[PDB]
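Source file upload-v4.cif; content: mmCIF, N, CA and C atoms.
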```
data_input
#
loop_
_atom_site.group_PDB
_atom_site.id
_atom_site.type_symbol
_atom_site.label_atom_id
_atom_site.label_comp_id
_atom_site.auth_asym_id
_atom_site.auth_seq_id
_atom_site.Cartn_x
_atom_site.Cartn_y
_atom_site.Cartn_z
ATOM 1 N N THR A 1 -14.841 -11.588 -13.044
ATOM 2 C CA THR A 1 -13.640 -10.942 -12.455
ATOM 3 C C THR A 1 -13.931 -9.517 -11.992
ATOM 4 N N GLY A 2 -13.180 -9.075 -10.982
ATOM 5 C CA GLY A 2 -13.349 -7.739 -10.434
ATOM 6 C C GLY A 2 -12.670 -7.518 -9.090
ATOM 7 N N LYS A 3 -13.055 -8.300 -8.086
ATOM 8 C CA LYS A 3 -12.494 -8.177 -6.736
ATOM 9 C C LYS A 3 -12.050 -9.512 -6.164
ATOM 10 N N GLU A 4 -11.106 -10.156 -6.840
ATOM 11 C CA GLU A 4 -10.592 -11.439 -6.382
ATOM 12 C C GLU A 4 -9.379 -11.171 -5.493
ATOM 13 N N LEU A 5 -8.548 -12.193 -5.277
ATOM 14 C CA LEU A 5 -7.353 -12.072 -4.429
ATOM 15 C C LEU A 5 -6.142 -12.781 -5.009
ATOM 16 N N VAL A 6 -4.989 -12.127 -4.894
ATOM 17 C CA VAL A 6 -3.723 -12.655 -5.394
ATOM 18 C C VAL A 6 -2.617 -12.448 -4.360
ATOM 19 N N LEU A 7 -1.733 -13.429 -4.260
ATOM 20 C CA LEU A 7 -0.617 -13.411 -3.328
ATOM 21 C C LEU A 7 0.687 -12.987 -3.998
ATOM 22 N N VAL A 8 1.187 -11.819 -3.604
ATOM 23 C CA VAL A 8 2.436 -11.277 -4.136
ATOM 24 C C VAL A 8 3.613 -12.141 -3.685
ATOM 25 N N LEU A 9 3.919 -13.173 -4.456
ATOM 26 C CA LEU A 9 5.015 -14.076 -4.132
ATOM 27 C C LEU A 9 6.376 -13.418 -3.930
ATOM 28 N N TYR A 10 6.654 -12.285 -4.568
ATOM 29 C CA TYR A 10 7.976 -11.671 -4.440
ATOM 30 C C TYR A 10 7.903 -10.203 -4.105
ATOM 31 N N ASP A 11 9.062 -9.576 -3.926
ATOM 32 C CA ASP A 11 9.098 -8.152 -3.618
ATOM 33 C C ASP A 11 9.126 -7.409 -4.941
ATOM 34 N N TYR A 12 8.051 -6.707 -5.281
ATOM 35 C CA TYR A 12 8.082 -5.966 -6.530
ATOM 36 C C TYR A 12 8.419 -4.496 -6.349
ATOM 37 N N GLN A 13 9.262 -4.019 -7.251
ATOM 38 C CA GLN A 13 9.742 -2.649 -7.242
ATOM 39 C C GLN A 13 8.989 -1.812 -8.278
ATOM 40 N N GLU A 14 8.525 -0.633 -7.868
ATOM 41 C CA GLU A 14 7.790 0.272 -8.761
ATOM 42 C C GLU A 14 8.758 0.832 -9.796
ATOM 43 N N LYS A 15 8.428 0.622 -11.064
ATOM 44 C CA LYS A 15 9.269 1.057 -12.170
ATOM 45 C C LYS A 15 8.614 2.140 -13.026
ATOM 46 N N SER A 16 7.300 2.070 -13.181
ATOM 47 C CA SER A 16 6.590 3.067 -13.961
ATOM 48 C C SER A 16 5.336 3.474 -13.190
ATOM 49 N N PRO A 17 4.760 4.627 -13.503
ATOM 50 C CA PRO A 17 3.551 5.073 -12.798
ATOM 51 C C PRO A 17 2.415 4.036 -12.789
ATOM 52 N N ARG A 18 2.218 3.339 -13.907
ATOM 53 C CA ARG A 18 1.154 2.338 -14.011
ATOM 54 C C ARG A 18 1.240 1.278 -12.902
ATOM 55 N N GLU A 19 2.456 0.935 -12.486
ATOM 56 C CA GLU A 19 2.679 -0.082 -11.454
ATOM 57 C C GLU A 19 2.859 0.440 -10.053
ATOM 58 N N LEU A 20 2.751 -0.477 -9.089
ATOM 59 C CA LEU A 20 2.905 -0.157 -7.680
ATOM 60 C C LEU A 20 3.733 -1.217 -6.930
ATOM 61 N N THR A 21 4.369 -0.764 -5.852
ATOM 62 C CA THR A 21 5.218 -1.598 -5.021
ATOM 63 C C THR A 21 4.424 -2.521 -4.099
ATOM 64 N N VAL A 22 4.867 -3.763 -3.986
ATOM 65 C CA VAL A 22 4.199 -4.735 -3.123
ATOM 66 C C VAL A 22 5.221 -5.463 -2.263
ATOM 67 N N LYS A 23 4.811 -5.838 -1.057
ATOM 68 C CA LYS A 23 5.687 -6.546 -0.141
ATOM 69 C C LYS A 23 5.327 -8.013 -0.183
ATOM 70 N N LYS A 24 6.232 -8.832 -0.708
ATOM 71 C CA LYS A 24 6.049 -10.280 -0.834
ATOM 72 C C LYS A 24 5.257 -10.864 0.340
ATOM 73 N N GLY A 25 4.269 -11.707 0.043
ATOM 74 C CA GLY A 25 3.458 -12.309 1.095
ATOM 75 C C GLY A 25 2.098 -11.646 1.251
ATOM 76 N N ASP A 26 1.930 -10.474 0.646
ATOM 77 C CA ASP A 26 0.666 -9.743 0.700
ATOM 78 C C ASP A 26 -0.382 -10.340 -0.225
ATOM 79 N N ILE A 27 -1.559 -10.592 0.321
ATOM 80 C CA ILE A 27 -2.666 -11.099 -0.472
ATOM 81 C C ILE A 27 -3.488 -9.857 -0.795
ATOM 82 N N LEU A 28 -3.517 -9.484 -2.066
ATOM 83 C CA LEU A 28 -4.230 -8.289 -2.504
ATOM 84 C C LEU A 28 -5.431 -8.542 -3.428
ATOM 85 N N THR A 29 -6.308 -7.546 -3.509
ATOM 86 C CA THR A 29 -7.505 -7.632 -4.341
ATOM 87 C C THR A 29 -7.174 -7.614 -5.828
ATOM 88 N N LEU A 30 -7.394 -8.746 -6.488
ATOM 89 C CA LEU A 30 -7.146 -8.876 -7.912
ATOM 90 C C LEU A 30 -8.295 -8.272 -8.684
ATOM 91 N N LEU A 31 -8.049 -7.061 -9.144
ATOM 92 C CA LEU A 31 -9.000 -6.315 -9.930
ATOM 93 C C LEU A 31 -8.846 -6.825 -11.352
ATOM 94 N N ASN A 32 -8.293 -6.005 -12.222
ATOM 95 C CA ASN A 32 -8.122 -6.388 -13.601
ATOM 96 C C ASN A 32 -7.060 -7.484 -13.871
ATOM 97 N N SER A 33 -7.528 -8.719 -14.042
ATOM 98 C CA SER A 33 -6.675 -9.877 -14.321
ATOM 99 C C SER A 33 -6.518 -10.106 -15.838
ATOM 100 N N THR A 34 -6.773 -9.074 -16.633
ATOM 101 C CA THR A 34 -6.597 -9.215 -18.074
ATOM 102 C C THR A 34 -5.231 -8.646 -18.349
ATOM 103 N N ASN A 35 -4.441 -9.431 -19.072
ATOM 104 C CA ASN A 35 -3.059 -9.141 -19.488
ATOM 105 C C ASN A 35 -2.104 -10.063 -18.765
ATOM 106 N N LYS A 36 -1.697 -11.105 -19.480
ATOM 107 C CA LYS A 36 -0.800 -12.137 -18.963
ATOM 108 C C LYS A 36 0.372 -11.509 -18.256
ATOM 109 N N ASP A 37 0.847 -10.414 -18.820
ATOM 110 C CA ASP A 37 1.991 -9.735 -18.268
ATOM 111 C C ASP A 37 1.543 -8.376 -17.800
ATOM 112 N N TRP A 38 1.430 -8.227 -16.479
ATOM 113 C CA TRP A 38 1.042 -6.974 -15.835
ATOM 114 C C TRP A 38 -0.414 -6.814 -15.408
ATOM 115 N N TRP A 39 -0.761 -7.336 -14.233
ATOM 116 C CA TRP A 39 -2.129 -7.295 -13.701
ATOM 117 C C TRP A 39 -2.357 -6.020 -12.920
ATOM 118 N N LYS A 40 -3.621 -5.643 -12.716
ATOM 119 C CA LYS A 40 -3.959 -4.416 -11.992
ATOM 120 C C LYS A 40 -4.513 -4.776 -10.625
ATOM 121 N N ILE A 41 -3.853 -4.292 -9.579
ATOM 122 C CA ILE A 41 -4.239 -4.544 -8.196
ATOM 123 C C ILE A 41 -4.504 -3.217 -7.484
ATOM 124 N N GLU A 42 -4.940 -3.305 -6.225
ATOM 125 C CA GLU A 42 -5.212 -2.138 -5.383
ATOM 126 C C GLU A 42 -4.491 -2.242 -4.016
ATOM 127 N N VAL A 43 -3.172 -2.030 -4.015
ATOM 128 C CA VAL A 43 -2.358 -2.096 -2.795
ATOM 129 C C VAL A 43 -2.547 -0.811 -1.979
ATOM 130 N N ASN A 44 -3.416 -0.811 -0.971
ATOM 131 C CA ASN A 44 -3.678 0.411 -0.192
ATOM 132 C C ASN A 44 -4.166 1.483 -1.161
ATOM 133 N N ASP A 45 -5.363 2.004 -0.916
ATOM 134 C CA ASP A 45 -5.976 3.019 -1.788
ATOM 135 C C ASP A 45 -5.104 3.590 -2.895
ATOM 136 N N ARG A 46 -5.540 3.315 -4.121
ATOM 137 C CA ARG A 46 -4.888 3.677 -5.383
ATOM 138 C C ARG A 46 -4.367 2.389 -6.006
ATOM 139 N N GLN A 47 -5.053 1.980 -7.060
ATOM 140 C CA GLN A 47 -4.732 0.766 -7.776
ATOM 141 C C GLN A 47 -3.557 0.991 -8.687
ATOM 142 N N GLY A 48 -3.037 -0.097 -9.223
ATOM 143 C CA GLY A 48 -1.902 -0.015 -10.111
ATOM 144 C C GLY A 48 -1.657 -1.393 -10.667
ATOM 145 N N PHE A 49 -0.561 -1.549 -11.394
ATOM 146 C CA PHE A 49 -0.242 -2.828 -11.998
ATOM 147 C C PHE A 49 1.034 -3.460 -11.451
ATOM 148 N N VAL A 50 1.142 -4.768 -11.618
ATOM 149 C CA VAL A 50 2.272 -5.558 -11.159
ATOM 150 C C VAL A 50 2.214 -6.808 -12.002
ATOM 151 N N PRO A 51 3.382 -7.293 -12.432
ATOM 152 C CA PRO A 51 3.500 -8.496 -13.263
ATOM 153 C C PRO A 51 2.747 -9.703 -12.733
ATOM 154 N N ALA A 52 2.455 -10.622 -13.648
ATOM 155 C CA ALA A 52 1.754 -11.850 -13.329
ATOM 156 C C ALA A 52 2.588 -12.819 -12.508
ATOM 157 N N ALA A 53 3.764 -13.183 -13.025
ATOM 158 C CA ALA A 53 4.660 -14.117 -12.343
ATOM 159 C C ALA A 53 4.776 -13.803 -10.858
ATOM 160 N N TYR A 54 4.699 -12.532 -10.511
ATOM 161 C CA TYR A 54 4.779 -12.133 -9.122
ATOM 162 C C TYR A 54 3.536 -12.449 -8.305
ATOM 163 N N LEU A 55 2.371 -12.395 -8.935
ATOM 164 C CA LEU A 55 1.092 -12.635 -8.272
ATOM 165 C C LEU A 55 0.520 -14.045 -8.446
ATOM 166 N N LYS A 56 0.259 -14.708 -7.318
ATOM 167 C CA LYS A 56 -0.326 -16.055 -7.334
ATOM 168 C C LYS A 56 -1.812 -15.834 -7.081
ATOM 169 N N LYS A 57 -2.630 -16.187 -8.068
ATOM 170 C CA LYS A 57 -4.078 -16.033 -7.975
ATOM 171 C C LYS A 57 -4.680 -17.382 -7.596
ATOM 172 N N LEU A 58 -6.003 -17.486 -7.665
ATOM 173 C CA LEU A 58 -6.683 -18.730 -7.346
ATOM 174 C C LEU A 58 -7.532 -19.230 -8.530
ATOM 175 N N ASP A 59 -6.919 -19.241 -9.721
ATOM 176 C CA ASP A 59 -7.520 -19.665 -10.999
ATOM 177 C C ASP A 59 -8.495 -18.642 -11.570
#
```
Produce structure tokens that represent the structure in this file.
Amino acid sequence: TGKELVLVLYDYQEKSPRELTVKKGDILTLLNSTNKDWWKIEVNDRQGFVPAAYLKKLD
């Protein structure tokens, strides 16, 4: 794991600094996929986290 890809199925709203906003339909680089709840992605320079249920990965 390191630079995979995940599809932001929904519109996520930034709630805490750790997380970042994503526009549903965006396929982003799945960095840290550890933590069932809250994955770390890199939506436009500067990574952050976003819940799992929101991100569709490829196993």
If we count only C-alpha atoms and set the cut-off at 12 Å, which residues sit around range 20-22 of chain A, ignoring sequence neighbours fewer than 4 positions away in its own chain? Please answer as a VMD selection string.
chain A and resid 6 to 16 26 to 28 38 to 51 54 to 55
Just how far from CA of residue 1 in chain A is CA of residue 23 in chain A, in Å to one decimal?
23.3 Å
Taking only range 3-54 of chain A into account, list the residues labelled strand (DSSP E or B) by DSSP (computed from the backbone), as a PyMOL selection string.
chain A and resi 4-8+12+19+22+27-30+39-41+48-50
Could you work out how far CA of residue 52 in chain A lies from CA of residue 30 in chain A, giving the answer in Å with one decimal?
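One can read the CA of residue 30 in chain A to CA of residue 52 in chain A distance as 10.8 Å.
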Mind pulling up the distance from atom C of residue 17 in chain A to CA of residue 58 in chain A?
25.1 Å
Hits of the PyMOL selection byres ((chain A and resi 4) around 5) in this structure, as a VMD selection string:
chain A and resid 2 to 3 5 to 6 29 to 31
N, CA, C and O atoms are what I want for range 1-27 of chain A; can you complete it accordingly and write them as a PDB file, in the coordinates of the input?
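Produced file out_0.pdb, reproduced below:
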```pdb
ATOM      1  N   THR A   1     -14.841 -11.588 -13.044  1.00  0.00           N
ATOM      2  CA  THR A   1     -13.640 -10.942 -12.455  1.00  0.00           C
ATOM      3  C   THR A   1     -13.931  -9.517 -11.992  1.00  0.00           C
ATOM      4  O   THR A   1     -14.853  -8.876 -12.494  1.00  0.00           O
ATOM      5  N   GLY A   2     -13.180  -9.075 -10.982  1.00  0.00           N
ATOM      6  CA  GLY A   2     -13.349  -7.739 -10.434  1.00  0.00           C
ATOM      7  C   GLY A   2     -12.670  -7.518  -9.090  1.00  0.00           C
ATOM      8  O   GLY A   2     -11.815  -6.645  -8.955  1.00  0.00           O
ATOM      9  N   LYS A   3     -13.055  -8.300  -8.086  1.00  0.00           N
ATOM     10  CA  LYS A   3     -12.494  -8.177  -6.736  1.00  0.00           C
ATOM     11  C   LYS A   3     -12.050  -9.512  -6.164  1.00  0.00           C
ATOM     12  O   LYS A   3     -12.586  -9.980  -5.153  1.00  0.00           O
ATOM     13  N   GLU A   4     -11.106 -10.156  -6.840  1.00  0.00           N
ATOM     14  CA  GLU A   4     -10.592 -11.439  -6.382  1.00  0.00           C
ATOM     15  C   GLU A   4      -9.379 -11.171  -5.493  1.00  0.00           C
ATOM     16  O   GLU A   4      -9.178 -10.034  -5.044  1.00  0.00           O
ATOM     17  N   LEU A   5      -8.548 -12.193  -5.277  1.00  0.00           N
ATOM     18  CA  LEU A   5      -7.353 -12.072  -4.429  1.00  0.00           C
ATOM     19  C   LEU A   5      -6.142 -12.781  -5.009  1.00  0.00           C
ATOM     20  O   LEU A   5      -6.239 -13.913  -5.486  1.00  0.00           O
ATOM     21  N   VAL A   6      -4.989 -12.127  -4.894  1.00  0.00           N
ATOM     22  CA  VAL A   6      -3.723 -12.655  -5.394  1.00  0.00           C
ATOM     23  C   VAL A   6      -2.617 -12.448  -4.360  1.00  0.00           C
ATOM     24  O   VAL A   6      -2.564 -11.428  -3.677  1.00  0.00           O
ATOM     25  N   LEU A   7      -1.733 -13.429  -4.260  1.00  0.00           N
ATOM     26  CA  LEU A   7      -0.617 -13.411  -3.328  1.00  0.00           C
ATOM     27  C   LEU A   7       0.687 -12.987  -3.998  1.00  0.00           C
ATOM     28  O   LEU A   7       1.247 -13.730  -4.815  1.00  0.00           O
ATOM     29  N   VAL A   8       1.187 -11.819  -3.604  1.00  0.00           N
ATOM     30  CA  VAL A   8       2.436 -11.277  -4.136  1.00  0.00           C
ATOM     31  C   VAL A   8       3.613 -12.141  -3.685  1.00  0.00           C
ATOM     32  O   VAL A   8       4.212 -11.899  -2.649  1.00  0.00           O
ATOM     33  N   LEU A   9       3.919 -13.173  -4.456  1.00  0.00           N
ATOM     34  CA  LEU A   9       5.015 -14.076  -4.132  1.00  0.00           C
ATOM     35  C   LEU A   9       6.376 -13.418  -3.930  1.00  0.00           C
ATOM     36  O   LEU A   9       7.178 -13.939  -3.178  1.00  0.00           O
ATOM     37  N   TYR A  10       6.654 -12.285  -4.568  1.00  0.00           N
ATOM     38  CA  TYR A  10       7.976 -11.671  -4.440  1.00  0.00           C
ATOM     39  C   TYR A  10       7.903 -10.203  -4.105  1.00  0.00           C
ATOM     40  O   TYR A  10       6.812  -9.656  -3.952  1.00  0.00           O
ATOM     41  N   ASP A  11       9.062  -9.576  -3.926  1.00  0.00           N
ATOM     42  CA  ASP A  11       9.098  -8.152  -3.618  1.00  0.00           C
ATOM     43  C   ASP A  11       9.126  -7.409  -4.941  1.00  0.00           C
ATOM     44  O   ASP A  11      10.117  -7.495  -5.666  1.00  0.00           O
ATOM     45  N   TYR A  12       8.051  -6.707  -5.281  1.00  0.00           N
ATOM     46  CA  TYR A  12       8.082  -5.966  -6.530  1.00  0.00           C
ATOM     47  C   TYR A  12       8.419  -4.496  -6.349  1.00  0.00           C
ATOM     48  O   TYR A  12       7.893  -3.801  -5.477  1.00  0.00           O
ATOM     49  N   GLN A  13       9.262  -4.019  -7.251  1.00  0.00           N
ATOM     50  CA  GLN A  13       9.742  -2.649  -7.242  1.00  0.00           C
ATOM     51  C   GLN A  13       8.989  -1.812  -8.278  1.00  0.00           C
ATOM     52  O   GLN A  13       8.840  -2.227  -9.427  1.00  0.00           O
ATOM     53  N   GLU A  14       8.525  -0.633  -7.868  1.00  0.00           N
ATOM     54  CA  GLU A  14       7.790   0.272  -8.761  1.00  0.00           C
ATOM     55  C   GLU A  14       8.758   0.832  -9.796  1.00  0.00           C
ATOM     56  O   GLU A  14       9.744   1.483  -9.456  1.00  0.00           O
ATOM     57  N   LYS A  15       8.428   0.622 -11.064  1.00  0.00           N
ATOM     58  CA  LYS A  15       9.269   1.057 -12.170  1.00  0.00           C
ATOM     59  C   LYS A  15       8.614   2.140 -13.026  1.00  0.00           C
ATOM     60  O   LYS A  15       9.298   3.045 -13.517  1.00  0.00           O
ATOM     61  N   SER A  16       7.300   2.070 -13.181  1.00  0.00           N
ATOM     62  CA  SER A  16       6.590   3.067 -13.961  1.00  0.00           C
ATOM     63  C   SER A  16       5.336   3.474 -13.190  1.00  0.00           C
ATOM     64  O   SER A  16       4.879   2.730 -12.297  1.00  0.00           O
ATOM     65  N   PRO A  17       4.760   4.627 -13.503  1.00  0.00           N
ATOM     66  CA  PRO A  17       3.551   5.073 -12.798  1.00  0.00           C
ATOM     67  C   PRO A  17       2.415   4.036 -12.789  1.00  0.00           C
ATOM     68  O   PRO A  17       1.766   3.849 -11.765  1.00  0.00           O
ATOM     69  N   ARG A  18       2.218   3.339 -13.907  1.00  0.00           N
ATOM     70  CA  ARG A  18       1.154   2.338 -14.011  1.00  0.00           C
ATOM     71  C   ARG A  18       1.240   1.278 -12.902  1.00  0.00           C
ATOM     72  O   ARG A  18       0.220   0.823 -12.407  1.00  0.00           O
ATOM     73  N   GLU A  19       2.456   0.935 -12.486  1.00  0.00           N
ATOM     74  CA  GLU A  19       2.679  -0.082 -11.454  1.00  0.00           C
ATOM     75  C   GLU A  19       2.859   0.440 -10.053  1.00  0.00           C
ATOM     76  O   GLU A  19       3.098   1.643  -9.856  1.00  0.00           O
ATOM     77  N   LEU A  20       2.751  -0.477  -9.089  1.00  0.00           N
ATOM     78  CA  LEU A  20       2.905  -0.157  -7.680  1.00  0.00           C
ATOM     79  C   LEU A  20       3.733  -1.217  -6.930  1.00  0.00           C
ATOM     80  O   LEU A  20       3.806  -2.390  -7.331  1.00  0.00           O
ATOM     81  N   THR A  21       4.369  -0.764  -5.852  1.00  0.00           N
ATOM     82  CA  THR A  21       5.218  -1.598  -5.021  1.00  0.00           C
ATOM     83  C   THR A  21       4.424  -2.521  -4.099  1.00  0.00           C
ATOM     84  O   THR A  21       3.434  -2.116  -3.500  1.00  0.00           O
ATOM     85  N   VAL A  22       4.867  -3.763  -3.986  1.00  0.00           N
ATOM     86  CA  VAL A  22       4.199  -4.735  -3.123  1.00  0.00           C
ATOM     87  C   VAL A  22       5.221  -5.463  -2.263  1.00  0.00           C
ATOM     88  O   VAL A  22       6.359  -5.659  -2.673  1.00  0.00           O
ATOM     89  N   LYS A  23       4.811  -5.838  -1.057  1.00  0.00           N
ATOM     90  CA  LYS A  23       5.687  -6.546  -0.141  1.00  0.00           C
ATOM     91  C   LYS A  23       5.327  -8.013  -0.183  1.00  0.00           C
ATOM     92  O   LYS A  23       4.265  -8.388   0.269  1.00  0.00           O
ATOM     93  N   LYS A  24       6.232  -8.832  -0.708  1.00  0.00           N
ATOM     94  CA  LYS A  24       6.049 -10.280  -0.834  1.00  0.00           C
ATOM     95  C   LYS A  24       5.257 -10.864   0.340  1.00  0.00           C
ATOM     96  O   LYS A  24       5.560 -10.575   1.499  1.00  0.00           O
ATOM     97  N   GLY A  25       4.269 -11.707   0.043  1.00  0.00           N
ATOM     98  CA  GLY A  25       3.458 -12.309   1.095  1.00  0.00           C
ATOM     99  C   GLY A  25       2.098 -11.646   1.251  1.00  0.00           C
ATOM    100  O   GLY A  25       1.211 -12.191   1.914  1.00  0.00           O
ATOM    101  N   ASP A  26       1.930 -10.474   0.646  1.00  0.00           N
ATOM    102  CA  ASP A  26       0.666  -9.743   0.700  1.00  0.00           C
ATOM    103  C   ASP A  26      -0.382 -10.340  -0.225  1.00  0.00           C
ATOM    104  O   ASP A  26      -0.111 -10.602  -1.403  1.00  0.00           O
ATOM    105  N   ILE A  27      -1.559 -10.592   0.321  1.00  0.00           N
ATOM    106  CA  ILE A  27      -2.666 -11.099  -0.472  1.00  0.00           C
ATOM    107  C   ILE A  27      -3.488  -9.857  -0.795  1.00  0.00           C
ATOM    108  O   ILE A  27      -3.995  -9.194   0.095  1.00  0.00           O
TER     109      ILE A  27
END
```
